[PDB]
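Asker: Sharing a structure below in structure tokens format, with a few things to ask.
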Amino acid sequence: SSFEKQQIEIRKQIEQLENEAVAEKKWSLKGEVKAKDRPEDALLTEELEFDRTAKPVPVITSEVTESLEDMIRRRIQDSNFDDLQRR
Amino acid sequence: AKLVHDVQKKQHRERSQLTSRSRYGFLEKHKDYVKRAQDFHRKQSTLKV
Amino acid sequence: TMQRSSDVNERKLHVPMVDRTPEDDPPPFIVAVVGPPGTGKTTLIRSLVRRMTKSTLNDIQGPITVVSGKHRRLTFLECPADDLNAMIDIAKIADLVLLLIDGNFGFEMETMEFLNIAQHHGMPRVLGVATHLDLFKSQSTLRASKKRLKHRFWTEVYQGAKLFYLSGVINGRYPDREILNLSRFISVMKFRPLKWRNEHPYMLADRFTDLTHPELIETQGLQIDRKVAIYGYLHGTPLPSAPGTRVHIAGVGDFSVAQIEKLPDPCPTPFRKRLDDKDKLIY
Amino acid sequence: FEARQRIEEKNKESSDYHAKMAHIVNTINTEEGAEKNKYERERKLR
Amino acid sequence: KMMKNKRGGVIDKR
Amino acid sequence: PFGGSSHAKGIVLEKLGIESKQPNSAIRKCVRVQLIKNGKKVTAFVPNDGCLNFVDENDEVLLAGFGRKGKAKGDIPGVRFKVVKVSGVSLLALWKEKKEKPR
Amino acid sequence: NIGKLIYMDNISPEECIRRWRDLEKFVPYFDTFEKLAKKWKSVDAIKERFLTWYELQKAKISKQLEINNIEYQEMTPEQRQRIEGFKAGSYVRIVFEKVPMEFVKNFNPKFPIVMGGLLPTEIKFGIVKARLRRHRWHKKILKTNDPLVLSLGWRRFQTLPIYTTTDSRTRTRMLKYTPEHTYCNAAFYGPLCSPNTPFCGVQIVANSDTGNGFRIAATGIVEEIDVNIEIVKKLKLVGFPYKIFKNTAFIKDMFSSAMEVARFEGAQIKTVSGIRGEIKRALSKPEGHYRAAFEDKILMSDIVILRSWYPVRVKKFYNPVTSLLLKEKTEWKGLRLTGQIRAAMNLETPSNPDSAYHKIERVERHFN
Amino acid sequence: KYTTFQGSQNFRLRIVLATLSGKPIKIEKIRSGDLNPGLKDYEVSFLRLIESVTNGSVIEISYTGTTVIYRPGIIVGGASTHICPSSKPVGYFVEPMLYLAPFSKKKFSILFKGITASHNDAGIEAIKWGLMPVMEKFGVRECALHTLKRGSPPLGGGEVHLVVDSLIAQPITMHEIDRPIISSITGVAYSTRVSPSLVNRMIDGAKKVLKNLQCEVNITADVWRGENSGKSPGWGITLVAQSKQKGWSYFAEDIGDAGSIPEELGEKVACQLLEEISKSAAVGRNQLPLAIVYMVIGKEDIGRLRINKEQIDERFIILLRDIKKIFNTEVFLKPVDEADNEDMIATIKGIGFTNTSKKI
RNA sequence: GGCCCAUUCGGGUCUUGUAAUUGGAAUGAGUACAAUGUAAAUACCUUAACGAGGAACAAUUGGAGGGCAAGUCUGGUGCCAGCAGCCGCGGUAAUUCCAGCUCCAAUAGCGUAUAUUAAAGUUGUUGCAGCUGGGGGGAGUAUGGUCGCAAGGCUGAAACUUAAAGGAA
Ligand SMILES: Nc1nc2c(ncn2[C@@H]2O[C@H](COP(=O)(O)OP(=O)(O)OP(=O)(O)O)[C@@H](O)[C@H]2O)c(=O)[nH]1
Ligand SMILES: [Mg+2]
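Chains as they are written, first to last, in full-length UniProt numbering: chain A, 298 to 384; chain B, 2 to 50; chain C, 42 to 312, 344 to 355; chain D, 761 to 806; chain E, 103 to 116; chain F, 42 to 144; chain G, 548 to 568, 607 to 636, 749 to 1065; chain H, 7 to 366.
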């Protein structure tokens, strides 16, 4: 019957995820994964996120070099710079 | 404990050193580290003096 | 007495919600008799319908709608006591619950499970009915267990619900004095509107048939998903009359309506006064 | 690149959250402690 | 970041 | 406080401070309630973050005064009332599981 | 006349207007400017267009209800069929097509046949986000990705929930059990009810395994519905030092390659002593070994930790109970609990040997 | 499975009402008998806007482009931006977002980027002063169209920040059984990248037509100077008539183009407004669609709104046919009981709508 | 080793403890023979039999204070400060864990909210805008709240890189 083949495909996914539940974990759900408890370099293909200490060193681009460039254009145009003065 | 359950302020137990890494005895935790660090700091302070 | 007047006038205030129950021809209030297997129920439904409609309704089945007032009529149905599924469904749609308690044995987990399922799905009115008051010679322990059941029932329903005490069964059903003032308790209950029920069009089915074609069954051979008519009163919000309205029949699956023909009322209430024994009907 | 982007978006999120929580704290302080002190002021007359 | 929590998508078969 | 009564019934609008990142902070256990008598919106506490998930919305709350016995530390002075019931059930009994909240 | 013309839908709309006497264009149709100029040179056509709280809410809603009645008092097949339709107390026959065979075959009239009308939301599937709670009288704790039968609206259905926590409102990260005595969040693939609706949940619905305990296991309300959830499961990467200096160390095995360390450069690590640190550069010849810098000198008996987060998925599993399509109508069996599967196929429960706690005794700490 | 429509008419209303109702639709024969048959780029980018706003909705355009399959999903909102094409202004895309706007998880904070105005579409002032007050009294309270910069056609370059931040459950039931008394009549005359005298010429033309009615006329004036002016010369005028005791409004706008006299455009928009007042009753001919859409997605009650005879048209009843085609509801036009005019009062019983996306 | 005092340093004192083992006695709630009582029955009264070790035959209510994790969050002048913590790697037939953390008070009773009563410092004057109308001390300080006012930047000069003239240096 209609409910019969509904029931057997239900029982199919019943069986496949009940032995997913009994069967062995993925490594990636388990915590404390060492080096020897992983696929070797599964981590390049991982797309894993985390946090870092400090903002890394800025890569100097054309737009930031023209930013401080027309900054000092404005500055040395109006001569509002800062030096020492003689005593 | 005004609005706290005694099944809520339970006792979390602390973990031991891994048995593979057992020759370096006693995985030390934060109380052991502060006992280490303030000893080092008082001895460096008197050395600087 | 002014502070008393303020603190009493305060507890009249409640959350103002809509009603969505009509005042002209309201549906028959669904009374669900809920008990563990082996107490009351049948004998109790039989006794109540015999007092209400003067008709010995031996061998009950299904929902039973009778007229019990000048404008209050009500539907009697009984949960199968082993099924948590039917327990859950009638918890979700019942309006009054006659909660059968074996007072000799005490409280039980089937009635406790119904009380919690109802409490989470929108607690209806609950009148507790304690039977098997044949404890021993000890009227002392009768009174003791009486008080203990009343207090434990009062911690599960509001403090001041009605626990009713039925004596021993006499000639097949309960004493008619006790069933008379039990129906007096059912007749004044003052129902308050729930939420899921009053934003959802539901219906308990008292009549069922398949209007399929038997020679089509002879052609294809009993595997056929066959069409079905379902007759009954509907409660809650107005169910729309266009075909294609989606409907969950709670226990067989999800369907959509095909055609609705509303029928004249099989158990109608008639238009100080009293209720005529001519007009005490039964469907 | 992901380092710089993640750090600066986390800083932005924290600086937004602190402003939001401080805002709701002192709006609950001001426009309800005025009513608390008004009730205390008109209860001291009794 | 635009893809990260989407679930739909237009299916342009043109 | 409420006028002439000792308690007042109210309607839960929305759990204020639901995004506070500190458990059991006074900002977090802090509910906004519309009193039903005069219609005005006040703010009330709740005993803890643990009993904060017994109120959700339009819950028919009942609220009394607070009564601070001393200047607290993590306080927000300027919230006067505390929630003492919810849907006609005492939420201290709910918090210690003596009753179940009916709906 | 005009309503019958509008809803008589085999005639063109201009034919409705013609026998009574397009929306990409937003601004409506006007005349020519010259016709409108000669029409509105005059002005006098439109010169007359120119020139307690609880009882209050109840009065507003009863005012709406009397408006409902006095505007329902209209045409009889308009009211009683099509403008509202079948209010309450109407006795109806209702025909369903394609009802299963097993209902009509095994129809036992003891079990009630209830029907309820689904809203536009409740025909949608997807992730329902609830907050739930182990019921205080249910004995055993609940486990994520163990099925339980929910009673969510009209439907009863067995699903695989996964219990989460928003740990101080930062993540929504994944627990492995429900808490003992309070609420957690949860997320299950099921039919999307509206928010703020309550539900129960049951481990076992049959009677052969009904036991002696309390059978309702979970209670809760629904917080939110969505088509997707983004929940995470913490994974830490552990590595050990093998060459320690002041303030820096060489860390052995949390990575398998210098490409992996290059992927993870600059990340903050810490020892189990809470000494914070940062990984700096992959060493060249031993492959997964790198150089980290710490707050101060770590020891040879430490473990460093890189706390990362792995995303986890809810399992799109849904079977409604369909108890009335059985020959017994109790004894419904769905997916089993994980302890029941282990007891069936006799697998021992997974025991990490160095996950078990011990009785640590401190040695006295003396320094030189 | 799919409710089937034909032709590329009412396309935005069909996709909008399918998103509200949650019903999968197909639109078949999108201009199939044509030289370049199929969907155009502005309605394809409208589909992209729908995918931006919702989540889990699958749209499925065919090979030939002449039929589309919309299986809707949950409205989630969020902050976005939309770089709509030059074929339609930002009003063509912010008009169908005002229906979906108060019914999402997160509040609408979108900024559209493109041409500001068009002859045959909604403007910034149109959207704001006409279409925001009818939502403002249908239940929303915080809605705002901001102009950060505006761009006249053909090059445009103007950005518009639509922000709605009241996420209501459902719109309230309307009860407008009156014709609202017009208290004032105001407006806004705008001009970008042209001389500031054109605005005063437009204002003087509109007010010399308006001067013979005995109400009060006030037209505000904005020239746009700088980067806020956009990439093209343009100018236009939008008048509203304002009922202040209830909040109702009746608007009319247009824009000038290459060879247009500003006094001519001012008097044209003034006479077009007075004709909208004539053919209007409690709504406008263009405020009427979302008015009756919010009345049909209100509560499960009766909501009644007065309309006049001349507001009935092929557009209005094809709207009503599409409403009944999607979620099976009828309007009941009962006439008023006084006979100096022909006004119906449309009563709609709203479906039982709630927004189920907003977290509780 | 316990206890007591004290702001401090410290002082005063003394058979005191322990989920340590263990022993036989006691009976009461309950379960119940009866007889008495009474029209009859209930109850009171009298009363054989059984009835305790977690005496599990399982009294509460409120308060004070800790302590813990390869845990989480916030701040910032390393290792800290704070908020806190049912959420930890695994694990639920799994675990045996600060032995179920310690202490305190009432005890068949015990909290909370609101209103209150009593106590005397009961003045010797003048407290505002004057022909009556009144909030609550003096001196200050802070402000992620609400309402305002306020910055830019040579003017002309923007749709125009535009004149004369002026300013500034
Ligand atoms: N002594 C005594 N017996 C009762 C009482 N009420 C019901 N019964 C007995 O209960 C027996 C079982 O039948 P029902 O009471 O009809 O059973 P039910 O309560 O309907 O429960 P199900 O068997 O699950 O249907 C009957 O034969 C009655 O004699 C009562 O108050 N006292
Ligand atoms: Mg029976």
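From the three backbone atoms N, C-alpha and C, an ideal C-beta is built for every residue, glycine too.
(1) Please find out if some non-hydrogen atom of ligand 1 comes closer than 7 Å to the beta-carbon of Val210(C).
(2) Excluding the 5 residues flanking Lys1024(G) on each side, which residues of the same chain have their C-beta closer than 7 Å to its C-beta?
(3) Taking only three categories from DSSP, how would you classify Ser186(C)?
(4) Residues of chain G with CB under 9 Å from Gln382(A), in chain order?
(5) I want to verify the contact list: residues of chain H whose CB lies under 8 Å from the CB of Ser787(G), in sequence order.
(6) In three-state DSSP terms, what is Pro295(H)?
(7) Answer yes or no: does any C-beta atom of chain H fall closer than 8 Å to that of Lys106(E)?
(8) Are the beta-carbon atoms belonging to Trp135(H) and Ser255(H) less than 8 Å from one another?
(9) For chain B, is any of its Cβ atoms less than 8 Å away from the one on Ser998(G)?
(10) Quick check on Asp48(C) - is its C-beta less than 8 Å from some C-beta in chain F?
(11) Thinking C-beta only, is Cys897(G) closer than 8 Å to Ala915(G)?
(12) What do you reckon, is the C-beta of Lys82(C) under 7 Å from a heavy atom of ligand 2?
(13) CA-CA distance, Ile211(C) and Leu139(C)?
(14) Suppose you measure from the CA of residue 318(C) to the CA of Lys807(G); what does that come to, to the nearest Å?
(15) Is the Cβ of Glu927(G) closer than 8 Å to any Cβ of chain E?
(16) Would you give the residue range spanned by the alpha helix (DSSP H) that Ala212(H) belongs to?
(17) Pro341(H) by DSSP, collapsed to three states: which one?
(18) Report the rounded CA-to-CA distance for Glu101(H) versus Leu608(G), giving the unit in angstroms.
(19) Do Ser128(F) and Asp100(F) have their C-beta atoms within less than 8 Å of each other?
(20) Determine the burial state of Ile56(H): buried for a count of at least 16 other Cβ atoms within 10 Å of its Cβ, exposed for fewer.
(21) For the region 957 to 975 of chain G against the region 902 to 914 of chain G, are there 3 or more C-beta pairs whose distance is under 8 Å?
(22) Only counting runs of 3 or more residues, tell me where the beta strand (DSSP E) segments fall wholly within the region 50 to 96 of chain C, in order along the chain.
(23) Give a yes or no on whether the minimum CB-CB distance between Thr360(H) and chain G is below 8 Å.
(24) Check the Cβ of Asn765(G) against every Cβ in chain H and list those closer than 8 Å, keeping chain order.
(25) Applying the criterion that 16 or more other CB atoms from any shown protein chain within 10 Å of the CB defines a buried residue, is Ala1053(G) buried or exposed?
(26) Ordered along the chain, which non-local residues of its own chain (more than five positions away) have a Cβ less than 8 Å from that of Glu1028(G)?
(27) Name the residue from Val275(H), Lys364(H), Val302(H) whose alpha carbon lies nearest to the alpha carbon of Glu781(G).
(28) Please return the same chain residues whose Cβ sits closer than 8 Å to the Cβ of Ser848(G), not counting the five positions on each side in sequence.
(29) If you drop the 5 nearest sequence neighbours on each side, which residues of the same chain put their C-beta closer than 7 Å to that of residue 323(C)?
(30) Below 9 Å on C-beta distance, what does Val120(F) contact in chain D?
(31) Three Cβ pairs or more, each shorter than 8 Å: is that satisfied between the region 75 to 88 of chain C and the region 199 to 219 of chain C?
(32) Under the rule that 16 or more other beta-carbon atoms within 10 Å means buried, what is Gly51(F), buried or exposed?
(33) Quick one: which chain C residues come within Cβ less than 7 Å of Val801(G)?
(34) Give me the residue from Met956(G), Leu872(G), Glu1045(G), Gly936(G) with the minimum Cα distance to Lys982(G).
(35) Using 8 Å as the limit for Cβ to Cβ distance, is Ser286(H) near chain E?
(36) Using alpha carbons as the reference points, say which of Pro139(H), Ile313(H), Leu216(H), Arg291(H) lies closest to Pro613(G).
Answerer: So, from the data block:
(1) Numbered from its first residue, the third sequence carries residue 210(C) at position 169. At a threshold of 7 Å, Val210(C) counts as near ligand 1, since its beta carbon sits closer than that to one of the ligand's heavy atoms.
(2) In the seventh sequence, counting from the first residue as 1, residue 1024(G) sits at position 327. So the qualifying residues of the chain are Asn803.
(3) Locating residue 186(C) in the third sequence gives position 145, counting from the first residue. Three-state result, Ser186(C): helix.
(4) The residue labelled residue 382(A) in the question sits at position 85 within the first sequence. Here the premise fails: no neighbours, minimum Cβ distance about 44 Å.
(5) As a first step, residue 787(G) must be located in the seventh sequence, where it is residue number 90. Within 8 Å Cβ-Cβ: nothing; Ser787(G) doesn't reach chain H, min ~17 Å.
(6) As a working mapping, residue 295(H) is identified with position 289 in the eighth sequence. In the structure shown, the three-state DSSP call for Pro295(H) is helix.
(7) Residue numbering aside, residue 106(E) sits at position 4 when the fifth sequence is read from its first letter. It does not: the Cβ of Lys106(E) has no partner Cβ on chain H nearer than 8 Å.
(8) By 1-based counting over the eighth sequence, the position of residue 135(H) is 129. By 1-based counting over the eighth sequence, the position of residue 255(H) is 249. Contact flag set, yes.
(9) Taking the first residue of the seventh sequence as position 1, residue 998(G) is located at position 301. With 8 Å as the cut-off, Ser998(G) counts as an interface residue toward chain B.
(10) Locating residue 48(C) in the third sequence gives position 7, where the first residue counts as 1. Yes, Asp48(C) lies at the interface with chain F (some Cβ there is under 8 Å from its Cβ).
(11) To locate residue 915(G), count along the seventh sequence from 1; it is residue 218. To locate residue 897(G), count along the seventh sequence from 1; it is residue 200. Cβ distance < 8 Å, so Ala915(G) and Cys897(G) count as in contact.
(12) Here residue 82(C) refers to the residue found at position 41 when the third sequence is read from its first residue. The answer is yes for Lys82(C).
(13) The residue given as residue 211(C) occupies position 170 in the third sequence. The residue given as residue 139(C) occupies position 98 in the third sequence. Here the C-alpha atom of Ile211(C) lies approximately 20 Å from the C-alpha atom of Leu139(C).
(14) No coordinates exist for residue 318(C); the numbering of chain C passes from 312 to 344 with nothing in between.
(15) Walking along the seventh sequence from the start, residue 927(G) turns up at place 230. Yes, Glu927(G) lies at the interface with chain E (some Cβ there is under 8 Å from its Cβ).
(16) Taking the eighth sequence and counting its residues from 1, the one referred to as residue 212(H) is at position 206. Its alpha helix (DSSP H) spans residues 203 to 216.
(17) Counted from its first residue, the eighth sequence places residue 341(H) at position 335. Strand, per DSSP.
(18) For the purposes of this step, residue 101(H) is taken as residue 95 along the eighth sequence, with counting starting at 1. For the purposes of this step, residue 608(G) is taken as residue 23 along the seventh sequence, with counting starting at 1. When the Cα atoms are used, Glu101(H) and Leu608(G) turn out to be separated by approximately 11 Å.
(19) Position 87 of the sixth sequence, counted from the first residue, corresponds to residue 128(F). Position 59 of the sixth sequence, counted from the first residue, corresponds to residue 100(F). Yes.
(20) One-based indexing of the eighth sequence puts residue 56(H) at position 50. Under this definition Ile56(H) is a buried residue.
(21) no
(22) Within the region 50 to 96 of chain C, the runs of beta strand (DSSP E) at least 3 residues long that lie entirely inside it are, in chain order, 70 to 75.
(23) The residue labelled residue 360(H) in the question sits at position 354 within the eighth sequence. For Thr360(H), the nearest beta carbon of chain G is closer than 8 Å to its own beta carbon.
(24) Mapped onto the seventh sequence, residue 765(G) falls at position 68. Chain H residues near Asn765(G): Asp307, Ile308.
(25) Residue mapping note: residue 1053(G) aligns to position 356 of the seventh sequence, counting from 1. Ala1053(G) should be labelled exposed.
(26) By 1-based counting over the seventh sequence, the position of residue 1028(G) is 331. Apart from sequence neighbours up to five positions away, the residues of its chain that approach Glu1028(G) with a beta-carbon distance below 8 Å are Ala903, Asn904, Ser905, ordered along the chain.
(27) Against the seventh sequence, residue 781(G) aligns to sequence position 84. Measuring from the Cα of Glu781(G), the nearest candidate turns out to be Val302(H).
(28) Here residue 848(G) is taken as the residue at index 151 of the seventh sequence, counted from 1. Around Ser848(G): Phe896, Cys897, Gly898, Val899.
(29) Any structural detail on residue 323(C) is unavailable, because chain C resumes at 344 straight after 312.
(30) Walking along the sixth sequence from the start, residue 120(F) turns up at place 79. Going along chain D in sequence order, the residues near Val120(F) (Cβ under 9 Å) are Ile788, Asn789, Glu792, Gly793, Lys796.
(31) yes
(32) Residue numbering aside, residue 51(F) sits at position 10 when the sixth sequence is read from its first letter. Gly51(F) comes out buried.
(33) Reading the seventh sequence from its first residue, position 104 is the one you call residue 801(G). What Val801(G) touches in chain C: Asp251, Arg267, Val269.
(34) If you number the seventh sequence from 1, residue 982(G) lands on position 285. Taking only the C-alpha atoms, the option nearest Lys982(G) is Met956(G).
(35) Here residue 286(H) refers to the residue found at position 280 when the eighth sequence is read from its first residue. Judged by the 8 Å Cβ criterion, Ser286(H) is not in contact with chain E.
(36) For the purposes of this step, residue 613(G) is taken as residue 28 along the seventh sequence, with counting starting at 1. Ranked by Cα distance from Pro613(G), the first of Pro139(H), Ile313(H), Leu216(H), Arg291(H) is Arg291(H).
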